[PDB]
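Next up: a single chain in structure tokens, the form solved without the ligand.
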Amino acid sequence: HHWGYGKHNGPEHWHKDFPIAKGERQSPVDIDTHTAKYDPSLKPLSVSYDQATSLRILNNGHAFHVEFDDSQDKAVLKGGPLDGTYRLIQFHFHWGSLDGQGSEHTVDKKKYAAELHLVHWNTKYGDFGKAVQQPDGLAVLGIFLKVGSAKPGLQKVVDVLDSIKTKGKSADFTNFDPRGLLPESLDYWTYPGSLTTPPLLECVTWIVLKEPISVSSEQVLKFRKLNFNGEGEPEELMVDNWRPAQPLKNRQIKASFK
């Protein structure tokens, strides 16, 4: 028995094993576009992924993750509301059983079909493990996905999902360029938050892009063919692996645009 997204181990149950689930800076949250404050002091985001080195893709039972080599400043995020350099370590998605749901963050209560999370850690802390224990340890770039035209740069990812259908499976995934998953504009909203999966640590500086990317119905459909279960067990489709919006509490969402 452990956490998941089912009726008996879902998000509503997480607080029993992870008390911080009821914390003061939990994520995701609903972004109220009319209450968000435009902050003129927010610097443009700086994304340097030209030297990114992907290593492997794996199904960990909660989602599928694409891991990168973070032993050097190959793929980093700077600028915006950030102080210092943050290295990309992995990216994963959150999707639904239907196109009308799937994203974790919502915009004026609107839900998207999926949400992409590019996770980076503050190099000042030496490694990911140390970074998660700090209030400014991580920086997660959130990108919304809507169903429409296919996204060419996502196809390499969808085609390998068949090889990691069940929990525990992993496969070599080299030379994948994450720049193909970025929207045209880098305008964003930012607020202090947490990881959206256990341990739910409050060490994240969220950067959510305003412009979503479009993916085809066929591409998202392949996401839905993955399994939460491990091989040799009753099949449970990996769908709706998203956490519902949490209380904003004493926090303000800032916008880089007006």
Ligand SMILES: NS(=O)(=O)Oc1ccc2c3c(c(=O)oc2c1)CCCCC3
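We number the residues from 1 along the sequence you see.
Next item on the list: Return whichever of 8-16 and 232-240 has the greater mean Cα B factor according to the PDB record.
Entry: Comparing averages over the C-alpha atoms only gives 232-240.
Item checked: Between 113-121 and 142-150 (mean CA B-factor, as deposited), the higher -> If you average the C-alpha B-factors of 113-121 and of 142-150, the larger mean comes out for 142-150.
Item checked: Among 71, 103, 97, 185 - the residue whose C-alpha B-factor is largest in the record -> Highest CA B-factor of the listed options: 71.
Checklist line | Residue selected from 198, 40, 192, 28 by maximal Cα B factor | finding: Comparing C-alpha B-factors across 198, 40, 192, 28, the top value belongs to 40.
Checklist line | CA B-factor ranking of residue 206, expressed as a third of its chain | finding: Lowest third.
Check: Compared with the other modelled residues in the chain, in which third is the CA B-factor of residue 63?
Finding: According to the entry, residue 63 has a C-alpha B-factor in the chain's lowest third.
Check: residue 137's Cα B-factor: lowest, middle or highest third of the chain?
Finding: Bottom third by C-alpha B-factor.
Checklist line | Lowest, middle or highest third - CA B-factor, residue 155 | finding: It falls in the middle third of the chain.
Notebook entry, point to check: Of the three thirds of its chain by CA temperature factor, lowest, middle or highest, which one includes residue 167?
Noted result: It falls in the top third of the chain.
Below: the form solved in complex with the ligand, not depicted.
Item checked: Check all three, 151, 209 and 212, heavy atom within 4.5 Å of the ligand in the deposited complex -> Answer is no for this spot.
Next item on the list: Consider the chain as shown here, without its partner, and state which of 78, 92, 165, 146 has a heavy atom within 4.5 Å of the ligand in the deposited complex.
Entry: When the ligand is considered in the deposited complex, the option within 4.5 Å is 92.
Next item on the list: Please run the contact check for residue 132 against the ligand in the deposited complex: heavy atoms, 4.5 angstroms, yes or no?
Entry: So residue 132 counts as contacting the ligand.
Notebook entry, point to check: Is the gap between residue 198 and the ligand in the deposited complex 4.5 Å or less for some heavy atom pair?
Noted result: Yes, residue 198 is a contact residue.
Item checked: Partner proximity in the deposited complex: residue 181 to the ligand, non-hydrogen atom cutoff 4.5 Å -> Residue-level check for residue 181: no, no contact with the ligand.
Notebook entry, point to check: Taking the ligand in the deposited complex, which residues along 114-130 bring a heavy atom to within 4.5 Å of it?
Noted result: Heavy-atom contacts to the ligand in the deposited complex: 117, 119, 128.
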